[PDB]
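To be precise, the following lines are final-v7.txt, and they hold compact mmCIF, C-alpha atoms.
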# COMPACT_ATOMS: atom_id res chain seq x y z
CA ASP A 12 123.19 118.84 112.49
CA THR A 13 120.02 116.99 113.51
CA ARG A 14 119.11 119.49 116.25
CA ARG A 15 119.80 122.49 114.02
CA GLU A 16 117.63 120.90 111.33
CA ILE A 17 114.76 120.29 113.76
CA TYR A 18 114.80 123.88 115.08
CA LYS A 19 114.90 125.22 111.53
CA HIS A 20 112.03 123.13 110.18
CA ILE A 21 110.02 124.66 113.04
CA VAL A 22 110.92 128.25 112.12
CA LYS A 23 110.04 127.93 108.43
CA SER A 24 107.00 125.67 108.98
CA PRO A 25 105.23 126.70 112.20
CA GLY A 26 102.59 124.58 113.88
CA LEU A 27 103.67 121.05 112.97
CA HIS A 28 102.98 117.99 115.09
CA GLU A 29 105.50 115.65 116.67
CA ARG A 30 104.87 112.88 114.13
CA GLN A 31 104.72 115.34 111.21
CA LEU A 32 108.18 116.56 112.21
CA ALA A 33 109.72 113.08 112.38
CA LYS A 34 108.28 112.30 108.93
CA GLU A 35 109.42 115.44 107.07
CA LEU A 36 112.97 114.99 108.43
CA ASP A 37 113.33 111.16 108.45
CA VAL A 38 114.33 111.33 112.12
CA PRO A 39 113.22 108.57 114.53
CA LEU A 40 110.58 109.75 116.97
CA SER A 41 112.80 108.96 119.97
CA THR A 42 115.63 111.06 118.53
CA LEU A 43 113.33 113.98 117.68
CA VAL A 44 111.78 114.03 121.16
CA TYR A 45 115.18 114.32 122.86
CA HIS A 46 115.98 117.39 120.75
CA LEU A 47 112.52 118.93 121.19
CA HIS A 48 112.99 118.67 124.96
CA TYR A 49 116.33 120.48 124.74
CA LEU A 50 114.83 123.24 122.58
CA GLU A 51 111.95 123.63 125.04
CA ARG A 52 114.28 123.65 128.04
CA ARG A 53 116.23 126.48 126.40
CA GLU A 54 112.92 128.24 125.56
CA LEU A 55 113.77 128.32 121.85
CA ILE A 56 110.59 126.47 120.86
CA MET A 57 107.18 126.36 122.49
CA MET A 58 104.09 124.20 122.49
CA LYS A 59 100.39 124.84 121.80
CA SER A 60 97.44 122.49 122.16
CA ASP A 61 95.55 121.61 118.98
CA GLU A 62 91.83 122.32 119.37
CA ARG A 63 91.24 120.02 116.39
CA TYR A 64 92.24 117.05 118.59
CA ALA A 65 90.68 118.01 121.92
CA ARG A 66 88.14 115.52 123.28
CA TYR A 67 84.83 116.29 124.97
CA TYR A 68 83.12 114.61 127.92
CA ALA A 69 80.02 115.28 129.96
CA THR A 70 80.70 116.42 133.52
CA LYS A 71 79.52 114.38 136.51
CA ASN B 5 65.93 134.55 124.35
CA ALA B 6 67.05 131.55 122.30
CA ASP B 7 65.46 130.18 119.14
CA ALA B 8 64.07 126.68 118.88
CA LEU B 9 66.98 126.07 116.49
CA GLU B 10 69.59 127.16 119.04
CA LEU B 11 68.02 125.14 121.87
CA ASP B 12 67.58 122.05 119.69
CA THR B 13 71.14 122.23 118.34
CA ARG B 14 72.54 122.74 121.85
CA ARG B 15 70.67 119.82 123.41
CA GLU B 16 71.39 117.53 120.46
CA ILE B 17 75.10 118.30 120.89
CA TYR B 18 75.22 117.87 124.68
CA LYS B 19 73.62 114.45 124.60
CA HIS B 20 75.64 113.13 121.70
CA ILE B 21 78.53 113.90 124.06
CA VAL B 22 76.89 111.79 126.77
CA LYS B 23 76.09 108.92 124.40
CA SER B 24 79.51 109.09 122.70
CA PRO B 25 82.28 110.47 124.93
CA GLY B 26 85.73 111.52 123.80
CA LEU B 27 85.01 112.70 120.25
CA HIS B 28 86.77 115.53 118.45
CA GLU B 29 84.84 118.54 117.19
CA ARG B 30 85.13 117.56 113.52
CA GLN B 31 83.63 114.17 114.36
CA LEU B 32 81.03 115.95 116.49
CA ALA B 33 80.11 118.17 113.54
CA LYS B 34 79.90 115.41 110.93
CA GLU B 35 77.90 113.07 113.20
CA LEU B 36 75.44 115.83 114.14
CA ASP B 37 75.26 117.35 110.62
CA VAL B 38 76.10 120.77 112.10
CA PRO B 39 78.59 123.26 110.61
CA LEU B 40 81.85 123.37 112.55
CA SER B 41 81.47 127.06 113.42
CA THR B 42 78.05 126.55 115.02
CA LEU B 43 79.23 123.46 116.90
CA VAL B 44 82.19 125.31 118.44
CA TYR B 45 79.72 128.06 119.35
CA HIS B 46 77.68 125.55 121.37
CA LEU B 47 80.72 123.78 122.85
CA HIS B 48 81.96 127.02 124.42
CA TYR B 49 78.50 127.58 125.90
CA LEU B 50 78.17 124.06 127.35
CA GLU B 51 81.68 124.43 128.77
CA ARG B 52 80.86 127.81 130.32
CA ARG B 53 77.85 126.18 131.99
CA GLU B 54 80.17 123.33 133.11
CA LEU B 55 77.91 120.75 131.46
CA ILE B 56 80.87 119.44 129.44
CA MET B 57 84.62 119.57 129.91
CA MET B 58 87.39 119.84 127.33
CA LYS B 59 90.47 117.61 127.57
CA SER B 60 93.48 118.52 125.44
CA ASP B 61 95.54 115.82 123.72
CA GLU B 62 99.22 116.70 124.05
CA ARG B 63 100.22 113.98 121.59
CA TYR B 64 98.99 116.46 118.94
CA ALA B 65 100.74 119.58 120.22
CA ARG B 66 101.86 122.16 117.67
CA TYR B 67 105.45 123.41 117.84
CA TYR B 68 106.36 127.07 117.30
CA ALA B 69 109.60 129.00 117.59
CA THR B 70 109.80 131.58 120.36
CA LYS B 71 110.44 135.24 119.62
Show me the file's structure as structure tokens.
Amino acid sequence: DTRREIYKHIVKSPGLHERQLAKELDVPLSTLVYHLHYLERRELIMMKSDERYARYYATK
Amino acid sequence: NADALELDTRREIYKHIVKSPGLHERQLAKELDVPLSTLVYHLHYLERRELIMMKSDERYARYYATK
């Protein structure tokens, strides 16, 4: 039900964020994270860093 | 070889980093009035020279289905 909906929203709409997923499915963030962890542990979904949100610092 | 424009843009970027740490590249571009493509060109260079470092933010990770 909820898990099968989360995995499917990811197949049809690749690249979404954690909070964009919980909004487009009306699933609480805590519930969605538990299912995302299962889907990662089974290697059915993966995870990429968003360059648009990386932060830059000068080195020492 | 590097134009005055390339050197000026590079140094202006590096030291906006020092004066204002932790910004994203779209904020970097709008605050320096530089196109995003050119800014990312200079960020990769400053990172190759280890003058700046790039920290990912995993709160904004993108989710994809495996094949």
Given all atoms listed in the file, how would the per-residue table for chain B near chain A read, listing every residue at most 6 Å away with its closest atom pair and distance in Å to one decimal, sorted by chain and number, as a Markdown table?
| residue | atom | partner | partner_atom | distance |
| --- | --- | --- | --- | --- |
| B:22 | CA | A:69 | CA | 5.7 |
| B:25 | CA | A:68 | CA | 5.2 |
| B:26 | CA | A:66 | CA | 4.7 |
| B:27 | CA | A:66 | CA | 5.2 |
| B:28 | CA | A:66 | CA | 5.0 |
| B:55 | CA | A:70 | CA | 5.5 |
| B:56 | CA | A:69 | CA | 4.3 |
| B:57 | CA | A:68 | CA | 5.6 |
| B:58 | CA | A:67 | CA | 5.0 |
| B:59 | CA | A:66 | CA | 5.3 |
| B:60 | CA | A:65 | CA | 4.5 |
| B:61 | CA | A:65 | CA | 5.6 |
| B:64 | CA | A:28 | CA | 5.8 |
| B:65 | CA | A:60 | CA | 4.8 |
| B:66 | CA | A:26 | CA | 4.6 |
| B:67 | CA | A:58 | CA | 4.9 |
| B:68 | CA | A:25 | CA | 5.2 |
| B:69 | CA | A:56 | CA | 4.3 |
| B:70 | CA | A:56 | CA | 5.2 |
Exercise. If we count only C-alpha atoms, what is near segment 11-18 of chain B at a cut-off of 12 Å, once residues fewer than 5 positions away on the same chain are taken out, given as a ChimeraX atom specification?
Worked result: /A:67-70 /B:5-6,23-25,27,29,31-40,42-51,53-57
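Put simply, atom CA of residue 8 of chain B is 23.6 Å away from atom CA of residue 30 of chain B.
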Problem set entry | Between atom CA of residue 62 of chain B and atom CA of residue 13 of chain A - distance in Å to one decimal |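 Atom CA of residue 62 of chain B lies at a distance of 23.3 Å from atom CA of residue 13 of chain A.
Note that the spacing between atom CA of residue 35 of chain A and atom CA of residue 16 of chain A amounts to 10.7 Å.
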